[PDB]
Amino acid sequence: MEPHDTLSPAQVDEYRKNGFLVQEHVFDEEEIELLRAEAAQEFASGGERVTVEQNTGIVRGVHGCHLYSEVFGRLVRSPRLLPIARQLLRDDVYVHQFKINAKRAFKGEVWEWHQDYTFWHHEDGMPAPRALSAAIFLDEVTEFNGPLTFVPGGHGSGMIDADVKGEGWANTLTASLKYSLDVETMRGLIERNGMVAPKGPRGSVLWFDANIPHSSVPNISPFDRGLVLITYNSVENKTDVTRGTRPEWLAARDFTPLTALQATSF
């Protein structure tokens, strides 16, 4: 393997200030094709772990793949990913959540403004927002294929009071989100901080804070927007399983600290 990757001090500062950071071209075309093929397999065989877009039935997401797929199990331990998660969370880490979110060409939904941590705190018993997500770009992310859109520095407020809607956890994965940020709060945020939709080539990784507000629009391009999202959590920040409400394929219960893939002959 290559000497474990880490972010420069400038990159770390940028991540801390803005709440997100893109590394371009982390994975090459052949690597991304391997991940795309495995994603397709998970969409086909994932069963109850799969979600479909309402009004289309097109497969939208699949969850918990690193528990069921050897490829994705290895991916979360990649020397391209694990060392940076450790660096940013300043701890050993484990995977809280794994999901693949596809927005096909000419498809896609408006994803309501939200903070991930609100879900993890209330649904899963995550005590603090000492977690982040790595979004691997299976496709080039552009202005026009429904990029994750953020309020830069919007995580600095911490967790924001949100409109709650629905019972259970069914609507934690849907177009209509259980925890959504209202018109008023978002106006103030954006007036103060603005909006940014990070772009990048296929194989890029977008790191973003558990508490950063984000949203996305439909894909009006003729090109898909597949993302593999790995949520790393600090081991010290392990969720309180006694307040947990969701299956392990949404919220992990094995808090064993991850170690990196080492090079083998097979």
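The numbering used is simple: start at 1 and walk along the sequence shown. We call the rigid core the largest set of C-alpha positions that still match within 1.5 Å between the two forms.
Novice: Kindly name the stretch, out of 24-32 and 218-226, whose CA atoms are displaced more from this form in 8 other deposited structures of this protein after the core superposition?
Specialist: This comes out as 218-226, the stretch further from the shown form in 8 other deposited structures of this protein.
Novice: Taking the other compared PDB entries with both flanking residues modelled, is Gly57 unmodelled in at least a third?
Specialist: Yes, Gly57 lacks coordinates in at least a third of the other compared entries that model both of its neighbours.
Novice: Please work out which of 210-218 and 233-241 has the higher mean CA B-factor as recorded in the PDB entry.
Specialist: It is 210-218 that shows the higher mean C-alpha B-factor.
Novice: Taking the mean of the C-alpha B-factors per stretch from the entry, tell me the winner out of 185-193 and 87-95.
Specialist: Between 185-193 and 87-95, it is 185-193.
Novice: Taking the values straight from the PDB record, which of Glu53, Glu30, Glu42, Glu70 has the highest C-alpha temperature factor?
Specialist: Each of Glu53, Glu30, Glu42, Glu70 was compared by C-alpha B-factor; the highest is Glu53.
Novice: Going by the CA temperature factor in the entry, name the top one among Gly64, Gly200, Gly226, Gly47.
Specialist: Out of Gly64, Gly200, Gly226, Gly47, the record gives the largest C-alpha B-factor to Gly47.
Novice: Once the chain's modelled residues are ordered by C-alpha B factor and cut into thirds, is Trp111 in the lowest, middle or highest one?
Specialist: For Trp111, the deposited C-alpha B-factor lands in the highest third.
Novice: Report the third (lowest, middle or highest) to which the CA temperature factor of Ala263 belongs, ranking only the modelled residues of the same chain.
Specialist: It belongs to the middle third of the chain when residues are ordered by C-alpha B-factor.
Novice: Ordered by C-alpha B-factor within the chain, which third holds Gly146? Give me lowest, middle or highest, please.
Specialist: Answer is middle: the recorded C-alpha B-factor places it there.
Novice: Relative to the other modelled residues of the same chain, rank the CA B-factor of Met126 and answer lowest, middle or highest third.
Specialist: Its C-alpha B-factor, which the entry lists for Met126, ranks in the middle third among residues of this chain.
Novice: Lowest, middle or highest third: where is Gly156 by C-alpha B factor in its chain?
Specialist: Its C-alpha B-factor, which the entry lists for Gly156, ranks in the highest third among residues of this chain.
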